[PDB]
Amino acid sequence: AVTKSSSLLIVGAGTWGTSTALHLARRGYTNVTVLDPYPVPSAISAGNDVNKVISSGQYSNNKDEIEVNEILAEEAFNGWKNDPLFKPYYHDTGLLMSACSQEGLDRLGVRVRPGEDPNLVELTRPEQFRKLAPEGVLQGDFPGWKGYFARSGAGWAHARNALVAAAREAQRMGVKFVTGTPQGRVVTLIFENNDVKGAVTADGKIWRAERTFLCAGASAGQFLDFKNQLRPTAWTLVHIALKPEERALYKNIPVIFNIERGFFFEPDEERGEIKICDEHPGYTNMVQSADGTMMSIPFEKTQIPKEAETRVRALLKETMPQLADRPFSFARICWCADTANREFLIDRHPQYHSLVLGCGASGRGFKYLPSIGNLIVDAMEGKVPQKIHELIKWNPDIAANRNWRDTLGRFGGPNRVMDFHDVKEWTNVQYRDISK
């Protein structure tokens, strides 16, 4: 019974909240408000990054899960390739996907499905890896690396610039963004007569809405009982700034990715900075409540654990050893939230009639920026196809008996899901306000 002018409220102006705002606006809605405790682009948004990988990789070997993920990935790629708003930010550089151990290579097979793509080049010798870039870039020995190179049809997007472009387009189409603290910091949803009626912000403003979308990423569990469906989990990233004289050499290189070591990208234009991530199964931040119950609580930090730095420099030694001792120009932790099987959680709430969930991006949601809003709007409108709905629906049963330490098909570092409570030392990198 929504009209196009019904008050709609989105909690979170991150990747999926912004996508939702954009798609509501495109679909004719004229009374949408988005709330976020940070200015766009949010400093705690996982999407606020100079690059993200865009590729069609799979996360399951189950036929039904593969089919649904293919549908959603095709829609996202369509956006990056064909939507004038998103095309500017996508760079089809190609992508190397690799591993080292037998367990890693098994996982690589599931992810890459090399038998389905004759275009992939198989790499098994160090010289083959070095030849992916001009002489002097990939100087390392790539010890034990084996993988598959996609020459095109995969690459990277300028995540921050795409996020900002989408928000600014939503805004010019009439979406209200209320950002910053306290005005955009939601402190509770409004619970009235067994429904959610909107939200209250930290400035003590009451925001009533006909429908509320919860798109708060790793923080979503603060607001609602997810019945153990979400595990807030964090990853680590650094930048190294190349000198102006050395930047040309590194331009246009493919994304280099080993699922047991880490990955990096060509340098950004603004600062000539290479972004590097050490791969691992993630950090939780498990706190015990007065109940004695367990929950992972996100926090902002513009540093990484020293152990993460060690893993980054180890990766660089194997690939770009000439850079392995360079000081970092930027470092941060980056949060998302994993469902029990890393499938998305996009549905109407089963009891709260007015609430729509758009979360559980499971550390792989950025690439859906162009498209995921359509699916979240479909959920509000009741238009999700049964096939897709079955995979992404509200699902407490999959999260019952939950193992919080499940590595969920990820590898690297200690091959354990770690915890920030175990971290004793952090880096000392210069602060940068990425909300600009």
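Note that residue numbering begins at 1 and tracks the sequence as displayed.
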item: Stretch with the higher entry mean CA B-factor, where the candidates are 273-281 and 292-300; value: 292-300
item: Mean C-alpha temperature factor, higher of 132-140 and 179-187; value: 132-140
item: C-alpha B-factor winner, where the candidates are 147, 118, 262, 155; value: 118
item: Of the residues 102, 98, 201, 229, the one carrying the largest Cα B-factor as recorded; value: 102
item: Within-chain third of residue 382 by Cα B-factor, per the entry; value: highest
item: Among modelled residues of the same chain, the CA temperature factor third for residue 151; value: middle
item: Assigned third (lowest, middle, highest) for the C-alpha B factor of residue 367; value: lowest
item: CA B-factor ranking of residue 392, expressed as a third of its chain; value: middle
item: Within-chain third of residue 33 by Cα B-factor, per the entry; value: lowest
